[PDB]
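Here are the chains, one letter per residue:
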Amino acid sequence: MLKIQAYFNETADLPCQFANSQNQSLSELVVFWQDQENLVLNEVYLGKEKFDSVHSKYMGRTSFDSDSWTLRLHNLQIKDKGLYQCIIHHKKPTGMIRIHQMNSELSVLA
Amino acid sequence: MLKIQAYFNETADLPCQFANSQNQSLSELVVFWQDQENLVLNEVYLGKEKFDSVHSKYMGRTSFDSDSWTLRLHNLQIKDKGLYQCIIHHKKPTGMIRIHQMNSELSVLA
Amino acid sequence: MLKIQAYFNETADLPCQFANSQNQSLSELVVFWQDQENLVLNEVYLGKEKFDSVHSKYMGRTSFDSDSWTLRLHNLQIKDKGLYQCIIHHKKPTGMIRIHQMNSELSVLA
Amino acid sequence: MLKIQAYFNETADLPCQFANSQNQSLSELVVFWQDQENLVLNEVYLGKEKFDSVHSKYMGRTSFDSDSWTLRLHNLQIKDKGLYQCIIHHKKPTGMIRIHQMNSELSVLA
Amino acid sequence: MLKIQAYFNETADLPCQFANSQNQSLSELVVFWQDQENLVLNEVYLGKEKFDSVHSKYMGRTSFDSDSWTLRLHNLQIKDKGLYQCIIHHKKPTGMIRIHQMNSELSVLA
Amino acid sequence: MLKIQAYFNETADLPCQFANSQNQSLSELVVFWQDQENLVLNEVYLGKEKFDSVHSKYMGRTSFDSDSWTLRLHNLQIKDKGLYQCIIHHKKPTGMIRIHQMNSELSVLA
Amino acid sequence: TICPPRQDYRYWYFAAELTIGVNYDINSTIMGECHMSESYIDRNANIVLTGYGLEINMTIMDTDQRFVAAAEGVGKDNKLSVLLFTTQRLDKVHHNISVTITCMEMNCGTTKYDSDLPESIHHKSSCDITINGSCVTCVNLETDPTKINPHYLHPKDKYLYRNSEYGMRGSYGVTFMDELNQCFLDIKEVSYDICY
Amino acid sequence: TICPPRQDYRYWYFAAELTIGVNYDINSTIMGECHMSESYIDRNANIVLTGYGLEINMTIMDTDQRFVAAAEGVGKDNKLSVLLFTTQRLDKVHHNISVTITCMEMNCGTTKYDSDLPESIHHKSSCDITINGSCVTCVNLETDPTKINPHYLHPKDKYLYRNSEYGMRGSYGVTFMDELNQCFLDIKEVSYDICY
Amino acid sequence: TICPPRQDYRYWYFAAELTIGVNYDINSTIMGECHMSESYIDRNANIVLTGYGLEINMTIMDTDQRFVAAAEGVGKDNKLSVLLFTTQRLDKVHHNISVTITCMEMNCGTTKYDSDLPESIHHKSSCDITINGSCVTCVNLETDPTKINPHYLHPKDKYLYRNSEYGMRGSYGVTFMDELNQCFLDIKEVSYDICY
Amino acid sequence: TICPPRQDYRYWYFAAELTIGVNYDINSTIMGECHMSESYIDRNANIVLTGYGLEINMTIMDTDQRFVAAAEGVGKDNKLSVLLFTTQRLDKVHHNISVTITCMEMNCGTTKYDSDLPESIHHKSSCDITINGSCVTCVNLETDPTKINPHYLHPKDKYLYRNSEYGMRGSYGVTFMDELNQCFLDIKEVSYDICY
Amino acid sequence: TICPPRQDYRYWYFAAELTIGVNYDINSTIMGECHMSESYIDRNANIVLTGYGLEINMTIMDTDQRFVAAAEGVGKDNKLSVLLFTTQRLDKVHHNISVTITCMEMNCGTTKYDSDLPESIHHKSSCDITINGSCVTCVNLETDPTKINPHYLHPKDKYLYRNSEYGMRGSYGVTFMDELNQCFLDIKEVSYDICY
Amino acid sequence: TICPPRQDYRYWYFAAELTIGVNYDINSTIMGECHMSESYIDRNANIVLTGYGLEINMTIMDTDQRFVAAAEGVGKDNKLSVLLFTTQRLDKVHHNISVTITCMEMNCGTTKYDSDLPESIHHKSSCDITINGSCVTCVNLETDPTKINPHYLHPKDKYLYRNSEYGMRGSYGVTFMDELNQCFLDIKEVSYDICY
Ligand SMILES: *[C@@H]1O[C@H](CO)[C@@H](O)[C@H](O)[C@H]1NC(C)=O
Ligand SMILES: *[C@@H]1O[C@H](CO)[C@@H](O)[C@H](O)[C@H]1NC(C)=O
Ligand SMILES: *[C@@H]1O[C@H](CO)[C@@H](O)[C@H](O)[C@H]1NC(C)=O
Ligand SMILES: *[C@@H]1O[C@H](CO)[C@@H](O)[C@H](O)[C@H]1NC(C)=O
Ligand SMILES: *[C@@H]1O[C@H](CO)[C@@H](O)[C@H](O)[C@H]1NC(C)=O
Ligand SMILES: *[C@@H]1O[C@H](CO)[C@@H](O)[C@H](O)[C@H]1NC(C)=O
Ligand SMILES: *[C@@H]1O[C@H](CO)[C@@H](O)[C@H](O)[C@H]1NC(C)=O
Ligand SMILES: *[C@@H]1O[C@H](CO)[C@@H](O)[C@H](O)[C@H]1NC(C)=O
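Residues numbered from 1 in each chain as written, not as in the entry; some residues may be left out. Chains lettered and ligands numbered in written order. Heavy atoms only, no water.

For this coordinate set, the PDB header names cryo-EM as the determination method and states a resolution of 3.34 Å.

Dropping the structure here:
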């Protein structure tokens, strides 16, 4: 539902617009952005960034924002076009239940 | 039951002795004489002769009589020996019912 | 049931004599004429002619009449002999129901 | 049960000792003497001799006696040794019923 | 159960020690001694010796005693070692019933 | 559960720590120490040592202690590493029922 | 001589034939199409056989015969020939016959003929024919045939006899078309499968 | 002539065809998909056949015919052709017809059409069509067809007849799309498996 | 010796034979045509066997034998030979015999013969013969045959014995034609299939 | 459109899938292990299928669909994927779902989870999940999948359809381990034997 | 030791043999001719076996054995050897024995012998023999044989044991002819088919 | 965890072994000789299996296990090894055991042993052994084996698990002969056919 176009070697932004009807806080939620190959891009565990599973090519180029809830990916490439997912999970004491998901497909100059 | 013998190239007579217990008339009866090959020899339809199906070899050589009820065949031949049948039919409005039959076997000089 | 004969390269007329017992109008009816190969010839949709499916060879040579209900085909050919159908349809809001049909076979000079 | 011996080319006698408890007469009885090959030797039909089925080699050599009930066979031979039967039949109007039988084996000088 | 040993070409004695609890007599009994091949050695029928089936080699060499109930075999041989049986039968009018049996194995110098 | 380590060609001790809650006596108990191949090492039958089934290689090198309930094995070898069992049987009048077992694994310098 | 055996099946046969010329189409024999039933308990022999498109019901009065078996065949020009084998003949008295033919396929209808046939060949027996339907053109009935009834002479085990005395034969005929005498002849492509 | 045989199965057939253009997808014939039921006890011939995705219920009033057999096939553009063979024709009166088409798979629903078709080709017969569901686009009905009903002419044993008189054929049609005349033609990849 | 076993089936057999010369035609053996039943509960042995065209019912009075098995064969000139094997003989008393032959095919009828046969070979036993029908020309009965009963000597498992004493054999005969003594002989094309 | 056919078996299918990640061991598909039952009489669709080691009970409330068929497969890391094919969709209302998973082998127990999943992808539907046992680690449920449901496209006769509108897809997820999103993918060694 | 198993069938056997010299003829073994029945409920072992031509009924009084199996064979000079295998021996008491031999084929009769056999080999056991019929010439009985009972040693699955102590064997004999000791020997053309 | 599945058949197994040294002779495995029955309704797991010559009846008190399956084999010196597979372990409490061995063939008798075995390997559990008969020389029982239970690892579909914690294993032993420890070892000619 969200199509993003970027100029040749332009900057990439992935928002997913979490409504947050319950006025929840970042201390009780986890966020994942993943590509079409199932490789992780970033993780915000209960309010702090983690880099435990990001693939090497995805290291460093990511940046997370608090208020905007947008991930800023830099150094776009011709082969980086694909679909990204914004998976938000709630870390209850029993288990984690998915509470939001948003797809976004991005392509670069061809 | 009736055996007829004739001299070489003699005249042949085929009677069949219709008892006619009902004292019927020729105007309501049809008469056929046929050989062992099913080829017709003569027909008397309701009082008038008919020549609609007689084989060519049998044409002309036959003659029919009123009172005698006998067919007179002329110009016998060596190959004409065989069995002849006298079939009488009654032409009712619905259908024809066979009311008399008589066999006769004829042979010529050997 | 209608045999039409025309002289060599004569003019051809295809009538089908719609009785019109209900006294209907051309504004609620459609008429189709088709040959033995299912190719269309003309169409009168609700009173206006249409040329949306007529084959190129059939274009222009057809003409429709109001009072006579006869289609006039010009430039007959040796290969144009065949059967033609007069299919009349009534365009109700729900669907169209075939309310008349007539066959006609035409041949040319041999 | 009866053994008869004859010298080389001697005379042969076949008795069968009919008890005749019923004091019957030869006029109502038939008698047969037959060898081991089923060929007949003699027949006394109701008191009169008959020669209707005797084999040629057995013709003439047989002779029947009334009081003795014995058959005399002459011109013995080396190959005439065998078993002979005395079959007596009673010729009732309904049928013939066997009323006596006696076997006798004879051999000649070896 | 009775093992008998004899010196080289010594004399052989076969007893079987009939208890005779009924105090029977030799007039109503028969006694048989047989080897492992079922060949008989001696027979005492109702008190009289019989030599009806003794093998030629076994003839004469046997001797039976009354009071001792022992059979004396002479002229032992290297091949005469084997098992001998003392079968006693009682000759009733109906049949004979075995009333005693005793095995004995004998061997010679080897 | 008991790991014993000894220096190269050192002395070996195998205790199995029989609690003996019943305060039983050696006169009614049998003790066996066996290796992983089922070859016996020593047996104390009702208080007296027995050497009825010990393999030759294990003869003499074993020594049994009363108070310590420990077997002292001497002349260790590189190939003598393995598991040994302390099987105690109670010799009741009916049958012997196992009342204690202990495993001990020993290895040498390598 | 007095009694018929009254058995299950008979190795001994006899003869009596008939032919029906029907107008609708019959191609060839089907080898198992016919189905026949027989009865005698009435002292009158009766046989009812349903075949290709018509059911034939025949009755002999004062018969001393029970229809042992039957055969059906189809020839040229849509002729259905039926042969009937009975137990055995005990006397010569020229029994009467009643034949009813019902069209059960492609031409059903009501009664169209109820007359009787004289058969003045000897003029001693009368056969009464009742036809329901319009599926009939010729009707011929030969009692005590003299021709060669044995077809594929002979069946595996059965024994077949036939009258050889001309005086006992009878011919009954009825035709609606023009001069259909001798509706057909036995020895032809007629297959003649056993009727049961 | 008056009576129909009222048998179990018939060797003699007839003709009357119809075609239904349905919107959902049918690939090819399944060789045993159809199942039919026939009835006449009411003096009205009724045939109800359940096939690939719909049930067709056809009734002829004052018929003197009982639907002997049927066949169904699938052609191009998802068309379902049904041929129906009856016993035999006794009179020419242009019977009426009532046809009900019920969608039993993938488009079920309630009644969407209850009008009657005049068929003014001769303007003597009227067909009442009731359609339940939305699984229909074309409906054509040819009574007393003159085309070649014999498919694989001919089946092993059955005999087939067809009307050759132009004045008896009737055409009923109803379309919901645009100009779907001649919804399909007989001789095609149509397999035409027997319907039962 | 006193009792007969009264078993289901027997391996041990005996002998007693007869031959019937009938006028109608029988070609050859059928291998399974006969069917026999046996009874002894009355103290009189009885065997009823239905064969090619006649049923034979034999009764021995004061027998001490129960008919174990039987065999039937057809020879030249339409002769039917029946061999009967009984359990075993305990005494020599020349038992009487009652034989009834009923024509059940092709010559049925009422009683035609009810006389008794003397058998003066020894003149001690009498056989009472009752014939129903006209399907008989010769009747011979040999009790205690001395010929070679073992046919295909011998059956797979059965044991067969036969009398060797001339004093016990008995011969009963009745003929209606002219001089039909020795109606036929044993060793011929006679197949002699087991009778059951 | 209003009515579902309510037939025996359907050729027309649809899609909705789910995956269960269990801790105990499953090697590969067994080709006939599953057994499923379906119901609609309540106006709420219900499907209960017992498979390799757990029983899954799914209920769609206010559905207008009845589960036609299902398929089960086992992949890597002990994941069990179940595809469910329903009749057809008439309206877009985002039906609710109730799913209960019961461990019937090797990890039985009482209730361990009774919460509901919001699915705020569109935040219109809620799925109530009840787990009995401890034989579950991941649970994913995709309603109206847009991927390639046709496996071995396609089965011999069945027709398969799938939603192509992104707005209708729904994703429900619950995990107990760490970051188990995308528990597994369709096109793999998954054999997908028919579930029945 | 106290109890016998009282099972259905046994793998463990024992020995006890007998031989009957009969006068009528027996050719060879039939492989399934015998049929046996066993009983113990009375505290007395009983085995009744019906064989080639006689039924043998043997009873051991105060036995603690139940006859497990048996075998029968036919040798030279019309001898019938029967081996009986019992469960197992618990004590040595020299049980008594009652044997009844009934001629059920070819020599039936009443009782001809009712005496008892002393067996003074050890003179501790007595066997009572009752013979019905005349079909017996020799009768020998060896209890606890020491010869080679295993025939075709050994049967597929059964285990066989035999007494090796000379003091337990017993020999009972009765002869009506002259000097028939050792009526036959084991290892011969004797087939020894299992008896059941 | 609280509940066991209580199913028909289980793909999941476990371990517990025993060995019986009997005096009479057993040659080799028969592949289908055993027959076993299981019960749990009492809250105590019970398995009674009848094999080659003895019936073994084992009971675990306060178990939470039901004996899923068993296997039996025969080795050298007439040893019978029985392996038993239960559903699954839920807690570590060192259940008690009751074992009864009844000699049903070749050594039947009354009770000869009713004592209890301490098993002071850890000295927490006690097994009570009752032996009927004299067909036993060694009795060893290993609960929670650590050796390689998988025989022909592994059966077609079943999954097998085994304890790997030394603290849970238990050994019970009783011998009547001299020094029969380690009555035999697993990996041998032992065929180990499934027990049912
Ligand atoms: C019987 O024999 C006759 C002539 O001997 C022959 O015509 C007939 O076909 C034969 N039938 C059988 C069934 O053997
Ligand atoms: C019957 O014959 C006609 C023509 O004679 C033919 O068209 C038809 O296929 C045939 N049918 C059968 C079943 O023989
Ligand atoms: C056989 O004949 C006897 C008298 O000889 C008779 O009682 C019996 O009924 C006959 N058997 C049959 C079946 O009629
Ligand atoms: C039995 O043996 C006799 C001769 O020993 C032989 O004639 C007969 O055919 C044999 N019968 C069987 C069934 O073995
Ligand atoms: C499935 O679940 C429903 C409620 O969600 C329940 O009523 C039904 O009993 C369950 N089915 C089974 C087989 O337990
Ligand atoms: C039906 O046809 C479609 C496309 O024409 C195809 O994808 C499908 O596999 C076919 N199914 C069957 C059962 O023929
Ligand atoms: C059992 O083994 C013994 C010797 O070990 C052998 O003599 C016997 O034939 C065997 N029997 C079976 C059934 O295996
Ligand atoms: C299952 O897999 C395990 C290891 O992956 C293997 O040891 C076992 O034999 C397999 N069993 C079956 C039935 O496939």
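1. A look at the overall build of chain G
The condition is simple: Only DSSP runs of H or I covering at least 4 residues are called helices, and only runs of E covering at least 2 are called strands; the numbering of each starts at the N terminus. The quantity called the radius of gyration is restricted to C-alpha atoms. Its globule counterpart is 2.2 Å times the number of residues to the power 0.38. We call two residues contacting when some pair of their heavy atoms lies within 4.5 Å. Residue burial considers only the protein chains on display, and all accessible areas are found by Shrake-Rupley using a 1.4 Å probe. Charge counting treats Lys and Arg as positive and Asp and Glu as negative, with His and both chain ends excluded. For this purpose, a charge sits on NZ of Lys, CZ of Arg, CG of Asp or CD of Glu.
A count of helices and strands for chain G gives zero helices and 13 strands. Helices and strands appear in chain G in the N-to-C order β-β-β-β-β-β-β-β-β-β-β-β-β. A compact globule built from 196 residues would reach a C-alpha radius of gyration of about 16 Å, and chain G, at 16 Å, matches this within 12%. The principal-axis extent of the C-alpha atoms belonging to chain G is close to 45 × 35 × 30 Å. Sequence-distant contacts, at least 24 apart, represent 69% of the contacts inside chain G between residues at least 6 apart. As displayed, chain G has an accessible area near 8,600 Å², and 53% of this comes from carbon and sulfur atoms. Across chain G, 16 positive and 26 negative side-chain charges occur, with their mean positions spaced 6 Å apart.

2. Regarding the state of the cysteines
Selection criterion: By disulfide we mean two sulfur atoms from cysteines, separated by a distance within 2.5 Å. Note on classification: 1.4 Å probe, protein chains only; a residue is buried when its accessible area is under 20% of the maximum for its type, exposed when over 50%, partly exposed between these limits.
In this structure the tally under the stated criterion is 30 disulfides over all chains. Here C103 of chain I engages in a disulfide with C135 of chain I; their sulfurs sit 2.0 Å apart. Residues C103 of chain I and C135 of chain I are joined by a disulfide whose S-S torsion is about -95°; by sign, that bridge is left-handed. In this pair, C103 of chain I is assigned in strand β7 (residues 96-103) and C135 of chain I in the loop between β10 (127-132) and β11 (138-143), connecting sequence segments 32 residues apart. A residue is classified by how much of its surface remains accessible, and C103 of chain I, at 1% relative accessible area, is buried. Between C127 of chain H, a free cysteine, and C138 of chain H, which holds the nearest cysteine sulfur, the sulfur-to-sulfur gap is 13 Å.

3. Focus: the relation of the copies chain H and chain J
Superposition of the two copies of the chain requires a rotation about an axis together with a shift along that axis. Short version of the rule: Copies are aligned to one another through a least-squares fit of their C-alpha atoms.
After a rotation of 60° and a shift along the axis of 0.0 Å, chain H superposes on chain J with an RMSD of 0.1 Å. Both chain copies can therefore be described as sitting about a six-fold axis. In terms of C-alpha distance to the rotation axis, chain H has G32 of chain H as its closest residue, with the C-alpha 27 Å off the axis.

4. Description of the UniProt feature "disulfide bond" in chain A
Residue and element names in this part refer to chain A. Defined as follows: UniProt positions are given in the numbering used here, feature names are shortened, and annotations may be inferred rather than shown by experiment.
The disulfide annotated by UniProt between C16 and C86 is present in this model, the sulfur-sulfur separation being 2.0 Å. Highlighted residues: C16 in the loop between β2 (12-15) and β3 (29-34) and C86 in strand β7 (residues 82-91), separated in sequence by 70 residues. With respect to class, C16 is no different from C86; both count as buried.

5. Some remarks on the site of ligand 7
Put simply, the rule is: For this purpose, a residue is taken to be near a molecule or strand whenever a single non-hydrogen atom of the residue falls within 4 Å of it. Throughout this description, a polar contact denotes any pair of N or O atoms lying within 3.5 Å of each other; where both atoms belong to protein, one of them has to be capable of donating a hydrogen while the other can accept it, and for residues adjacent in sequence the pair is counted only when both atoms sit in side chains. Residue type decides the class: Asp, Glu, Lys and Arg count as charged, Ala, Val, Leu, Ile, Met, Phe, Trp, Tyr, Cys and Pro as nonpolar, and the leftover types, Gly among them, as polar.
Taken together, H154, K156, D157 and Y159 of chain K together with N27 of chain L make up all the residues around ligand 7. Chain contributions to the surroundings of ligand 7 come from chains K and L. Between ligand 7 and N27 of chain L there is a distance of 2.4 Å, counted from an oxygen atom to a side-chain nitrogen or oxygen. Isolated, ligand 7 exposes 360 Å² of accessible area, and the fraction of that covered by the protein chains is 51%. Here the shell around ligand 7 is composed, by residue class, of one nonpolar, two polar and two charged.

6. Structural notes on the interface of chain H and chain J
Counted only if it meets this: Each of two parts loses accessible area, computed with a 1.4 Å probe, when they are put together; buried area is these two losses added. Salt bridges are identified by distance alone: a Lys or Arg side-chain nitrogen within 4 Å of an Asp or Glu carboxyl oxygen.
Contacts between the two partners involve 14 residues from chain H, matched on the other side by 13 residues from chain J. Here chain H and chain J share an interface that buries about 1,200 Å² over both sides, 55% of which is from carbon and sulfur atoms. It is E105, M106 and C108 of chain H in chain H that bury the most area against chain J; as a group they hold 50% of the surface buried on that side. Applying the counting rule to chain H against chain J returns zero salt bridges. At the surface where chain H touches chain J, the tally comes to three residue pairs in polar contact. Across the side of chain H that touches chain J, the residue classes break down as seven nonpolar, four polar and three charged.

7. With respect to the sheet that holds strand β7 (residues 70-73) of chain F
In a beta sheet, neighbouring strands pair by backbone hydrogen bonds and run either parallel or antiparallel. Residue and element names in this part refer to chain F. Cut-off, in case you're wondering: Only when DSSP finds a minimum of two bridges between them are two strands counted as paired. To get an axis, fit a line to the C-alpha atoms, keeping to the stretch in contact for a helix; angles then go from 0 to 180 degrees between the N-to-C directions.
One open sheet holds the three strands; their spatial order is β2-β7-β6, and the pairing between them is antiparallel. Looking along the sheet, the strands with just one partner apiece sit at the ends: β2 (12-15) and β6 (62-64). In this sheet, neighbouring strand axes are inclined to one another by 20° on average, regardless of whether the strands run parallel or antiparallel. Across four bridges, β2 lies against β7 in antiparallel orientation. Bridge pairing in β7 links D13 to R72.

8. Notes on unusual backbone geometry
Between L153 of chain G and the following residue, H154 of chain G, the backbone shows a cis peptide bond with an omega angle of -5°. The residue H154 of chain G is located in the loop between β11 (138-143) and β12 (170-175) in this model. Phi is positive for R43 of chain H, which is not a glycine, with a value near 80°. Take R43 of chain H: it is sitting in the loop between β2 (35-39) and β3 (44-50).

9. Observations concerning the interface of chain G and chain B
Listed per partner, the contact involves 21 residues of chain G and 15 residues of chain B. For the pair chain G and chain B, the summed buried surface comes to about 1,600 Å²; carbon and sulfur atoms form 51% of the total. The largest contributions to the chain G side of the interface with chain B come from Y166, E179 and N181 of chain G, which together make up 29% of the buried area. Here chain G and chain B share zero salt bridges between them. Where chain G packs against chain B, one counts five residue pairs in polar contact. For the side of chain G that touches chain B, the leading source of residues is β12 of chain G, giving five residues.

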